[PDB]
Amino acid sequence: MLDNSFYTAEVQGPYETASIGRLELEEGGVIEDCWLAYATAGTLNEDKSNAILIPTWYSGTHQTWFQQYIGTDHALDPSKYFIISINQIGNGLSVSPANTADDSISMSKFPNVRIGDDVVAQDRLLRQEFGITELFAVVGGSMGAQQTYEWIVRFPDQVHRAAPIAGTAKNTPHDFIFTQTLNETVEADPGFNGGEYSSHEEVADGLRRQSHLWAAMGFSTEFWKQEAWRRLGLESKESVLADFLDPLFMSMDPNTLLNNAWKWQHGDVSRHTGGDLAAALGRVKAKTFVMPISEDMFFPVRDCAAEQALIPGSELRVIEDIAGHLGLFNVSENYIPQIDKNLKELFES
């Protein structure tokens, strides 16, 4: 076990943990004690029919959702819904390479986990802890959208509404390559020590490089050209890196990123239907709003629109944001208003 203050309640906000027991992974690995970190708001009604699940994204947790997306002034309204965010396996809050007490899967021995494993694990947690057998909606961004897609394909009758924001049901070759460069730059740091480092601070250079890779692909050319980063209260593009992006990624655990990156790379709901993507998305019964971000460079509108065309009864709702993919962080004035408007209309479906 490693000590990283970033993966604590003080930084991420309060959360709970619960073990679902033994989890056999699709790739063949086993997590004997699979425990998950989750945070909730609101109250489950009598029929337990008002639950909303929020999967977390790469390098993220439940934090951004409770801070930016959730509130009585938002669509994700805790006065109406039992809202629960369940942290990804390996994401640093749930059972992960650097926090597991199981030596057989500690650090560099931690097994490959697929999107499918998270969804199975989440289903078990919801049933075990809350007796939730159906979800009012599943809402997630990026990797959270991947998990959202996996939910409505794997358990079609258990989800009534779906909001995959800025993500795809089947990972594309370009996205795969992009994520590979993220992995390569962390592994390139000699402090990484093959994933058996004594502290994340030893991989600071690798993590800083990944941040700069996110600066290049995570926003847009116009974001930088128009200096939209000024609404962060910063005075130079170099400051955006040095005082915001870099400290964020340098706070994270390398093995957590590498694990979740592998999961991200291999996201594919067509595994359920022999590689037939149309057949997989054809299984969807949840009312689905596909919501890409306009300037997203690696989850572009055309990729999400192509998948939306395969989902029966679905709608395409483009989120306009100059900040591209990292608009998920809510760095633009009209981001949350667009999210709230679309989610409200979805929740009325």
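A residue's number is simply how far along the shown sequence it sits, counting from 1.
As the entry records it, the average C-alpha temperature factor is higher for 275-283, out of 275-283 and 138-146. The mean C-alpha temperature factor is higher for 76-84 when 205-213 and 76-84 are set side by side. Take 55, 29, 60, 324 and read off each C-alpha B-factor from the entry; 29 has the highest.
For the set 251, 172, 193, 183, the PDB entry puts the maximum C-alpha B factor at 193. Placement of the Cα temperature factor of residue 237 within the chain: middle third of the modelled residues, per the deposited record. Among the modelled residues of its chain, residue 226 has a C-alpha B-factor that falls in the middle third, as given in the PDB entry.
Sort the chain's modelled residues by C-alpha temperature factor and residue 290 lands in the middle third, per the entry.
Sort the modelled residues of the chain by CA B factor and residue 318 lands in the middle third. In the PDB entry, residue 97 places in the middle third of its chain by CA B-factor.
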